[PDB]
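If you want the building blocks of each chain, they are given just below.
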2 protein chains.
Amino acid sequence: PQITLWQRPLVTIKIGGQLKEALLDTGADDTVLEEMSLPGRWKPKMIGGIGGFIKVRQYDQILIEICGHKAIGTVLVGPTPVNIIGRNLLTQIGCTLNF
Amino acid sequence: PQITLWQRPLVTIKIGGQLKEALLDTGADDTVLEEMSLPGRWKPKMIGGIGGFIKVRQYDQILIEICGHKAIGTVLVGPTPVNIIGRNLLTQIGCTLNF
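Residues numbered from 1 in each chain as written, not as in the entry; some residues may be left out. Chains lettered and ligands numbered in written order. Heavy atoms only, no water. Residues with missing side-chain atoms left out of burial classes, pairs and counts.

For this coordinate set, the PDB header names X-ray crystallography as the determination method and states a resolution of 1.65 Å.

Quick look at the structure:
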């Protein structure tokens, strides 16, 4: 689709067998999801941005279907305010900005 | 332009007579800039996101030229890690997401 930005660019995703909503976030290098159950090995990690930092769990090679487009990659799991799809996955579904 | 997301979507902006770089950020409702000198009245404000919150100064009706496109609107000023152009201004320059 083409998505205007008068509202937050929220899409449905499927990850770890679960349905969620997430924000297409061009300002995020990485993909960060609220606490959730994901199978497998992970690594403790600290990420920052405005306001300070959070501890995350880093899970690699995770399959995620974003608005119907499949991608595989790294997903951080932790106390984010909202689920964020960052550029590491936006590139995989061919998302661009246009103006 | 069309902008892919293999790199951060950084554009040049002109605001308050100064040249800066800023990130086109679809995940941001608002526009937040590192400390800088802006003329006029402002209001103290607290914004949050991953990690906690920051105190900002809220300046309204500010003219900003983003990658050559003019817009006027609210700009928050404070301890953000990077200059962010949020949806309040992305809508004004006709920016969309496409995939």
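A. Summary view of the interface of chain B and chain A. Counting from both sides, the interface comprises 36 residues of chain B and, opposite them, 36 residues of chain A. Of the residues that constitute the side of chain B that touches chain A, the class distribution is 18 nonpolar, 14 polar and four charged. Pairing of strand β9 (residues 96–98) of chain A with strand β1 (residues 2–3) of chain B, which is carried by two bridges, proceeds in the antiparallel orientation. Note that in β1(B) the partner of A:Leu97 across the bridge is B:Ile3. (Contact = heavy atoms within 4.5 Å. Nonpolar A, V, L, I, M, F, W, Y, C, P; charged D, E, K, R; others polar. Pairing = 2+ DSSP bridges. Helix = DSSP H or I, 4+ residues; strand = E, 2+ residues; numbered from the N terminus.)

B. A look at the relation of the copies chain B and chain A. Least-squares fitting of chain B to chain A yields an RMSD of 0.0 Å, with the transformation described by 0.0 Å of translation along the axis and a rotation of 180°. Given the turn and translation reported, the copies of this chain are related as if by a two-fold rotation axis. In this assembly the copies share their binding face: 100% of the residues contributing to the interface of chain B also contribute to that of chain A. (Least-squares fit on C-alpha atoms.)

C. Molecular detail of the layout of surface pockets. The space that makes up the largest pocket amounts to roughly 960 Å³. Forming the walls of the largest pocket are 32 residues, and the residues nearest its centre are A:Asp25, A:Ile50, A:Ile84, B:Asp25 and B:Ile84. Taken together, the elements giving at least two residues each to the lining of the largest pocket come down to β5 (43–49) of chain A together with β5 (43–49) of chain B. (1 Å grid on protein atoms, 1.4 Å probe; cavity = no way out; pocket = protein on both sides within 12 Å on 5 of 7 lines; lining within 4 Å. Points joined across faces, edges and corners; volume = space filled by probe spheres on them.)

D. The environment of A:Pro44, seen in detail. Locating A:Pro44 in the fold gives a position in strand β5. Counting along the chain gives 15 residues from A:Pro44 to A:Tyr59, while the straight-line C-alpha distance between them is 9.3 Å.

E. Just the environment of A:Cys95, in detail. Note on placement: A:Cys95 falls in the loop between α1 (87–90) and β9. Sequence spacing of A:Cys95 and A:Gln2 is 93 residues, and the spatial spacing of their C-alpha atoms is 9.5 Å. Excluding its chain neighbours within four sequence positions, the residues that come into contact with A:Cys95 are A:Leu90, B:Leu5, B:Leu97, B:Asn98 and B:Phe99.

F. Representation of the side chain of A:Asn98. Turning to its location among the elements, A:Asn98 is positioned in strand β9. Within polar-contact distance, the side chain of A:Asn98 engages the side chain of A:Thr96 at 2.9 Å. In this structure A:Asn98 touches B:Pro1, B:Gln2, B:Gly94, B:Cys95, B:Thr96 and B:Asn98, once residues within four positions along its chain are discounted. (Polar contact = N/O pair within 3.5 Å; in protein donor to acceptor, adjacent residues only side chain to side chain.)

G. The pairing of strand β2 (residues 10–15) of chain A, seen in detail. Residue and element names in this part refer to chain A. Residues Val 11, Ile 13 and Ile 15 point to one face of β2 and are all buried, whereas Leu 10, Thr 12 and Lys 14, pointing to the other face, are not buried. By the bridge criterion, six bridges tie β2 to strand β3 (residues 18–24) in an arrangement that is antiparallel. Residue pairing in the sheet places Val 11 in a bridge with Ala 22 of β3. In this structure, the hairpin formed by β2 and β3 is closed by a connection of two residues, where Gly 16 is found at a positive phi of approximately 55°. (Buried < 20%, exposed > 50% of the residue type's maximum accessible area, 1.4 Å probe, protein only.)

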